[PDB]
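From first to last, the protein sequence lines stand for chains A and B.
With the entry's author numbering applied, the first sequence covers 302 to 343, 352 to 722.
With the entry's author numbering applied, the second sequence covers 304 to 343, 354 to 721.
Report on the structure given below.
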Amino acid sequence: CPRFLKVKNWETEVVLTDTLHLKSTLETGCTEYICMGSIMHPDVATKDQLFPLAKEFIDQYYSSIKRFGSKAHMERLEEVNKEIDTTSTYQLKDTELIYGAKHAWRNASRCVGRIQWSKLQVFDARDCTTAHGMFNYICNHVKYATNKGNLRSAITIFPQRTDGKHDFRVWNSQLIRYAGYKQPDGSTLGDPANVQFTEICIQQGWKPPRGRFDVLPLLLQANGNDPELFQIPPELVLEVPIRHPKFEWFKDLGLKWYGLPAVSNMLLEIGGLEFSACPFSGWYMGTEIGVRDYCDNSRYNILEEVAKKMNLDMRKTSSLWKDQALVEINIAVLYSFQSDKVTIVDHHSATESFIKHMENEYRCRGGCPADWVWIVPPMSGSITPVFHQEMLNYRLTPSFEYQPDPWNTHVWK
Amino acid sequence: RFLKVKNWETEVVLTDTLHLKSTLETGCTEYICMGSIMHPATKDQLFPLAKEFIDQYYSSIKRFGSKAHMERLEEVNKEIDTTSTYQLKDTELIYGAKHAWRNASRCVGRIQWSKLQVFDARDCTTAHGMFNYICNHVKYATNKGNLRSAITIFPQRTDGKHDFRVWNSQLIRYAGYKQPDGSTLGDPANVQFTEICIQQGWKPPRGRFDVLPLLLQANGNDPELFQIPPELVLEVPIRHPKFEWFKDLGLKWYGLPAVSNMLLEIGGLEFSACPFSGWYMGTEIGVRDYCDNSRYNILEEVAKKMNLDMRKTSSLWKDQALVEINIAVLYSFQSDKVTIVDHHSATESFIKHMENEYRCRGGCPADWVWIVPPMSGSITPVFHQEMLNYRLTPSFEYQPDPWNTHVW
Ligand code: HEM
Ligand code: HEM
Ligand SMILES: Cc1cc(N)nc(CCc2cc(F)cc(CC[C@@H]3C[C@H](F)CN3C)c2)c1
Ligand SMILES: Cc1cc(N)nc(CCc2cc(F)cc(CC[C@@H]3C[C@H](F)CN3C)c2)c1
Ligand SMILES: C[C@H](O)[C@H](O)[C@H]1CNc2nc(N)[nH]c(=O)c2N1
Ligand SMILES: C[C@H](O)[C@H](O)[C@H]1CNc2nc(N)[nH]c(=O)c2N1
Ligand SMILES: [Zn+2]
């Protein structure tokens, strides 16, 4: 690879220079002949594989604290090396854990919210042993991050992987999600994205309310044991009823959403260590709710019912009735969250912040990995400043990664 | 190896085998993806490129290995020997031009690819000749509003010193003027080209919708100015089906989108002047050609006349105004019987095209970054469509602006 890569902004003509890509680690999926940039997703590590991965991370940490090559740096290297030799693994210090988690976010090429990356509250849950203890940690996480509507980003980090047979997992994809119920007639009640997980919960003993907005229980696996169900205390689940500043009939749709987006199915890799349970949360960009959660056809799919109440012509697509209704839905979502003093960011503000963040990273870090396909919002893309911004995508470590769904791999006891 | 693409809305999986037939670079590597970067001969190089193209042409007409195929290969071989180049047959020229469109990974309009009218202008020698061919193209493609895809192919590059170039980026564009008080009258994308026309003797009317002259370079000579006869330039006044004040904005656009600055590569030959045209997707006018900050930038006025609260972005006043502008554009073209497609219909057609291509061809190279419309992305079917991007030839390529290379 060449040592400098240039990215241009075609709206502003600003040209930036990336050198950070020289530190990229794993693969993108692309090759010289094919680009897989729109592909969504393109038995543990041995002693020999772990040594270089740990040294690389330790070097990076000590370089970040301006202590590279110091006595403490060399001692930490040797202590890690000894520990890998005699135990086939090692343990991160709390400082390294915190640094690692913040940098996995800083490195998340698909995240538009990264201007916030250094303000992450990291909860160390590596002393957890049981699913009840996981539940306690997750409740405290949710209560802290929710903060009565003044949301704070947070991550809770459960014990790392050992042999792969003792994994901690949150079986939920997000901590807070609504159930979906497949009906005998083919229709779906609630959130259609969640039918499979909902059926699993019912098999594990969940008694479903069978409603439109039923918060799913947590399904929590500790130390490789079978997962266990826990109901989140409903007073910890902050929710926002959706109304519209102009359309009085919009409240009659009976819509609401929860305030806290919290991803719980990803894997945090730090120094070759694998944290298979690391729920993290921030706050919503409006379009995540208003465009996707409500208007995706395979989701709540309310565009038609909003358009009908707006009395648009729905017989020609060229009336753009869908686009009109989509904007009004996203107006209502932002207005409902702001009126209830629950933190939310519109896509204009978020993308402008991300451009400012990206420019600072280029100037201070030598680059900023970004996945344009994900960074550009799902509505009004070209009137946001990221649409015109060329981006380089590459994988830095520490990182968040996808992992298989645990019901596909779990060996039931 | 076979590759799969999933649509996450329908869960349809397609299997791509066609990418195995690509040879040019994408710009990405195993470690860096450049999927959102806009821009990432001799005898000895030519014959393999010619052989490959002849091979795929005689394979496309089910006469691979025929006597006609062998003789064509020998004919081309001898011709590169004695002249350092060769000439395409008419049938080959048409095949290569349709397939360059078919292979254009950034084009959502490719369902039409095999209905392309190909105008052979390889006998052209002067800018007056180019002007004639271009007027005939414009008149044919416009067709009184029933727009027809077309491409006009001028002589191929020879020694790089005698290139044919259309200096305009599009055949029909409005001028942009650097206003002394700071801003820009007309179209701000074309300010530089507008000044080169004035520098070449063009008398600007200095309006908001002044059609630029053609600036045409034949055989490497200095380019020459021509005015497209105005009866050939179909325009649409933009009005709105419900907002009666919208027509008072004074806006109009031309009906014919016609790219004139790209290079057509066929069998190793380079056609540096190959203007091609189709019809508009409405967002091309109404999102980009009006609302880009570096373009006409009329969102504020529309939102103003709509009495929208513009004090904070979270009112989404920009998004509301954007939709109404695009409603008006579609309404206007349709009301004037000028061919236009909305981004919902266009992306539907492209998904159908993709399925067609995977079944008959083994894949379809597609550039998600460019295929997804610049507004309402995820309520179109292409947003949820995984795509593989790879470079097949014949192809359209970018080239440098002539005013950076030409010696006067
Ligand atoms: C603080 C406010 C935040 C905002 C506004 C935000 C915004 C977003 C958005 C809009 C996406 C794309 C969502 C989608 O379409 O699925 C995303 C993805 C992502 N975010 Fe952030 N995020 C925030 C916080 C965080 C935090 C705290 C972390 C981790 C420490 C994080 C890590 C990620 C990752 C890994 C992805 C990729 C998700 C995937 O590939 O499925 N984000 N973010
Ligand atoms: C017939 C109706 C057509 C429609 C609706 C259409 C639509 C589009 C759109 C929306 C783009 C995005 C480009 C941009 O945003 O600037 C595009 C790109 C492109 N189109 Fe099509 N197109 C059509 C016809 C054609 C024809 C006839 C050709 C060639 C024979 C062609 C070749 C291309 C190429 C090469 C690009 C890539 C341009 C670039 O890389 O800058 N298109 N098309
Ligand atoms: C920490 C964080 C903050 C934030 N703001 N976002 C995320 C992204 C992950 C995510 C979490 C979530 F709780 C809901 C969605 C949106 C729902 C779905 C997911 C699918 F991609 C289509 N919809 C957009 C996406 C993470
Ligand atoms: C043959 C053809 C048909 C069609 N429908 N489209 C194209 C795409 C190229 C293009 C040509 C054109 F004559 C006007 C635009 C307006 C778009 C503008 C250009 C600028 F880069 C920012 N906008 C996106 C774009 C080609
Ligand atoms: C940075 C990015 O590559 C650039 O803005 C691209 C993005 N996608 C696009 N898509 C289309 N259809 N047209 C464009 O001009 C662009 N510009
Ligand atoms: C096929 C395509 O990769 C897929 O629809 C992606 C596109 N971009 C996205 N961008 C975001 N932010 N979130 C998504 O879920 C997706 N989905
Ligand atoms: Zn790529």
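Cβ atoms here follow ideal geometry from the backbone N, Cα and C, with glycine treated the same way.
Item                                                                                                                              : Value
Under 7 angstroms (Cβ pairs) to chain A, residues found in the stretch 683-703 of chain B                                         : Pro687, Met688, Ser689, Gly690, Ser691, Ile692, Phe696, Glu699, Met700, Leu701, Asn702 and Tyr703
B:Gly338 beta carbon near ligand 7 (any heavy atom closer than 6 angstroms)                                                       : yes
Same chain only: Cβ atoms within 8 angstroms of B:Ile664, ignoring 5 sequence neighbours per side                                 : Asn310, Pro694, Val695 and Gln698
Cα-Cα separation between A:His656 and A:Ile511, rounded to whole angstroms                                                        : 36 angstroms
Any chain A beta carbon closer than 7 angstroms to B:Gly591                                                                       : no
Min CB distance B:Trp681 to chain A below 7 angstroms                                                                             : yes
Pair within 7 angstroms by beta-carbon distance, A:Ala659 and A:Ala634                                                            : no
Amino acids of chain B, ordered along the chain, whose beta-carbon sits closer than 8 angstroms to that of A:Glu312               : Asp605, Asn606 and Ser607
Boundaries (first-last residue) of the alpha helix (DSSP H) holding A:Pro550                                                      : A:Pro550 -> not in any alpha helix (DSSP H); beta strand (DSSP E) instead, spanning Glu548 to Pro550.
Three-state class that DSSP yields for residue 259 of chain B in the structure shown                                              : Chain B is shown from 304 up to 721; residue 259 of chain B falls before or after that span and cannot be answered.
Opposing strand residues paired with A:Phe584 [DSSP bridges]                                                                      : A:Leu577
Alpha-carbon to alpha-carbon, A:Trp480 and A:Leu564                                                                               : 26 angstroms
CB of A:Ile464 within 7 angstroms of CB of A:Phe646, strictly                                                                     : no
Segment contact, 8 angstroms Cβ cut-off, at least three pairs: the stretch 524-544 of chain B with the stretch 468-486 of chain B : yes
Proximal chain A residues relative to B:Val549, where beta-carbon distance stays under 8 angstroms                                : Per Cβ cutoff of 8 angstroms: no residues; B:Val549 is ~14 angstroms from chain A at best.
Chain-ordered residues of the stretch 482-504 of chain B with a beta carbon less than 9 angstroms from chain A                    : none
B:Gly499 beta carbon near ligand 4 (any heavy atom closer than 6 angstroms)                                                       : no
Burial state of B:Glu597, where buried means 16 or more other Cβ atoms lie within 10 Å                                            : buried
DSSP beta-bridge partners of A:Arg478                                                                                             : A:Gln530
Alpha carbon of A:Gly442 to alpha carbon of A:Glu637, nearest angstrom                                                            : 43 angstroms
Pick from A:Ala571, A:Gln400 and A:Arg521 that is closest to A:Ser462, judged by C-alpha positions                                : A:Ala571
Integer-rounded CB distance, given that B:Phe709 should sit under 8 angstroms from B:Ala417                                       : 6 angstroms
DSSP three-state assignment for B:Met623, whether helix, strand or coil                                                           : coil
heavy atom of ligand 3 below 6 angstroms from A:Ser590 C-beta                                                                     : yes
Residue-level contact to chain A via CB, B:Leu460, 7 angstroms cutoff                                                             : no
For A:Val316, three-class secondary structure by DSSP                                                                             : strand
Pairwise C-alpha distance: A:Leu701 and A:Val308                                                                                  : 7 angstroms
Sequence-distant residues of the same chain with beta carbon closer than 8 angstroms to A:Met623, five excluded per side          : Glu613, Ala616, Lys617 and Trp630
Cβ-based contacts, 7 angstroms cut-off: residues of the stretch 644-658 of chain B near chain A                                   : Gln647, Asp655, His657 and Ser658
Boundaries (first-last residue) of the beta strand (DSSP E) holding B:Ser496                                                      : Where B:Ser496 is concerned, there is no enclosing beta strand (DSSP E), given that its DSSP letter is neither H nor E.
Chain B within 7 angstroms of A:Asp394, Cβ atoms only                                                                             : no
Beta-carbon proximity check, B:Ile485 vs B:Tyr567, cutoff 7 angstroms                                                             : yes
Neighbourhood of A:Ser585 by C-beta, 7 angstroms cutoff - its chain only, sequence neighbours within 5 removed                    : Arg470, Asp476, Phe477, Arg478, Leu576 and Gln712
Option nearest B:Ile579 by Cα separation, candidates B:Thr398, B:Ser379, B:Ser339 and B:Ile340                                    : B:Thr398
Proximal residues of chain B, C-beta to C-beta of A:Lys631 below 8 angstroms                                                      : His657, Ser689 and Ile692
CB contact check: B:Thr660 to chain A, cutoff 7 angstroms                                                                         : no
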